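Numbering (full-length UniProt numbering), first residue to last: 34 to 143.
In structure tokens form, the structure reads like this:
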């Protein structure tokens with residue numbers, strides 16, 4: 034129903050920025066946009082790229098974001114495995130709340 038896409042969805046380089054656009058929801062609902070990837074241990078998420086936004090004009094939210102081939106991630110169990118990479122594993126950028134699920138774009142590194 035809602036809309037969550039990113040211009041550059043492939044061929045992303047460490048540091049390269051990406052364009053994100055959220056048009057579908059509406060004023061009266063918050064959302065959390067973040068990128069996470071599993072690790073040889075369990076799972077890790079990026080804290081620096083951890084940001085949130087809210088809808089309003091017909092539920093629109095377009096802004097400039099960024100990506101990193103490898104980002105310092107950490108387990109959610111008090112176990113900071115260390116840094117995380119997207120070369121051997123894949124990274125997924127999703128954005129939404131527990132009540133509404135917009136979707137996520139699978140990032141690739143060619």
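We put the CB at the ideal spot given by N, CA and C, even for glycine.
{"Check": "Distance CB(residue 70)-CB(residue 111) smaller than 9 Å", "Outcome": "no"}
{"Check": "Alpha-carbon to alpha-carbon, residue 138 and residue 58", "Outcome": "17 Å"}
{"Check": "Straight-line Cα distance separating residue 47 from residue 64", "Outcome": "25 Å"}
{"Check": "Beta-carbon proximity check, residue 56 vs residue 39, cutoff 9 Å", "Outcome": "no"}
{"Check": "Span of the beta strand (DSSP E) around residue 131", "Outcome": "First-last for residue 131: undefined, no H or E at that position."}
{"Check": "Rounded separation between residue 118 and residue 104 - CA only", "Outcome": "6 Å"}
{"Check": "Same chain, Cβ closer than 6 Å to residue 136, five either side skipped, listed in chain order", "Outcome": "37"}
{"Check": "Of the listed residues 87, 125, 132, nearest to residue 72 (C-alpha basis)", "Outcome": "125"}
{"Check": "Per-residue burial, residue 88 [other beta carbons within 10 Å of its own, 16 or more giving buried]", "Outcome": "buried"}
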